[PDB]
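Next up is one chain by itself, shown in structure tokens, the form deposited in one PDB entry.
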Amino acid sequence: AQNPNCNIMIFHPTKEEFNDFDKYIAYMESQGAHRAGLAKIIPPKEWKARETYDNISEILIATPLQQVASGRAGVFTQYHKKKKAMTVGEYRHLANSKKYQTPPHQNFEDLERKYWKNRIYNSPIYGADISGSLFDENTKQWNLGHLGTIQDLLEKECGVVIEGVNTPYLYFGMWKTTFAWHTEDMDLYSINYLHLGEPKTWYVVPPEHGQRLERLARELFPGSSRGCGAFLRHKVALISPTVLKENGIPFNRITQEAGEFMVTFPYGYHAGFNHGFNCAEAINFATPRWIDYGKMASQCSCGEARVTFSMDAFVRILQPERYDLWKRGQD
């Protein structure tokens, strides 16, 4: 079995190998990359996403989110308070202000220590989930707006034609902005490109051990667990590496830098934080290997998780017994 310790693997595809996206995902899996839940892909030196980032300041962040924490430094939840609209140029100036800017630090490890010590005492503002793309239309390789759709994959594998669409999303971050522990909707893959700015640190649990993280989460967030049998779908719970190690949960960590892709694999729980002002683009995708994970994915029916239009068909076709209850949650 390849990669039996479930380490995060880093790939350096050649320009030739960067042509065929599906083929390269399948290659990475042949080497055991999926066992980690997360892989890094460094593009060939010939490749670029677009020519420059000099002209992005006028993009609007319609609903910036202030991420307010509750709990203790290593075990906390966050809620998202809606703020007034602002442009990317306005958000960048805010990120760089004395109140929000990255503190002085020695290296990524020192910054990570500071994050976990002090995150709860601040409320950073995240521009998340903005439909759009920063890839040039002429970028032919690994262009996250030109991927094969999940609807087409389901139709190719299973024969059933379904409604829905699959587009990318932009994320504008600042120091301490946080992504809570989660898997993707319907335990899909994700791909994330860090277009510009400061790094993003990731934590990930191997898919084969995801239920260990769920059992810990039920213990640590006992009211939330009574409220919903899949409350990690709410995307609000944080658990630090120190707490994971104290509880024997297998995990790994890695820092993504500008110009790098990360892929999350089906049922790979992940969480992380941004080091300073940055911009990422991400989208969900599927392969043939996803279908069995989609059929088994948990679902939130309590009403909190509320998701896209396109999840309806995935539940309806892959999980017809759960469909009626899940849809009640959506209405």
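Just so we're on the same page, rigid core means the largest C-alpha set that superposes within 1.5 Å between forms. Position 1 is the first residue in the sequence shown; the rest follow in order. Shifts are known only where both forms have a C-alpha.
Omitted here: the form deposited with a partner chain bound. The next part is about that form.
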Using a 4.5 Å heavy atom cut-off, state whether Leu318 contacts the partner chain in the entry with it bound.
-> no
Are any of the heavy atoms in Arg306 no more than 4.5 Å from a heavy atom of the partner chain in the entry with it bound?
-> yes
Is there any non-hydrogen atom of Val236 lying within 4.5 Å of the partner chain in the entry with it bound?
-> yes
Answer with yes or no whether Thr201 is in contact with the partner chain in the entry with it bound, where contact means some heavy atom within 4.5 Å.
-> no
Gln67, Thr178 and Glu184 all contacting the partner chain in the entry with it bound, non-hydrogen atom within 4.5 Å = yes
Stretch in contact in the entry with it bound with the partner chain, which is absent here, among 96-104, 166-174, 253-261, 222-230 (heavy atoms within 4.5 Å) = 166-174
The partner chain: the contacting residue among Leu196, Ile120, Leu244, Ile162 in the entry with it bound [heavy atom, 4.5 Å] = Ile162
Assert contact residue (the partner chain, in the entry with it bound, non-hydrogen atom within 4.5 Å, options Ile41, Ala282, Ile291, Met28) equals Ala282
Moved residue between this form and the one not shown - picked from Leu232, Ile150, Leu238, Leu188, where its Cα shifts 2 angstroms or more relative to the rigid core = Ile150
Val165: Cα shift of 2 Å or greater between this form and the one not shown (core-aligned) | yes
Aligning on the rigid core, do we see the C-alpha of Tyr323 shift 2 angstroms or more between this form and the one not shown?
-> yes
Compare the position of the CA of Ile25 between this form and the one not shown after a rigid core fit and state whether the shift reaches 2 Å.
-> no
A change of 3 Å or more separates this form from the other: in the entry with it bound, the C-alpha atoms of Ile283 and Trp326 are farther
Once you compare with this form, do the C-alpha atoms of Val165 and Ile283 lie closer or farther in the entry with it bound, given a change of 3 Å or more?
-> closer
Just the runs, please: which groups of three or more residues in a row shift their CA by 2 Å or more between this form and the one not shown on the core?
-> 149-165, 225-227, 306-331
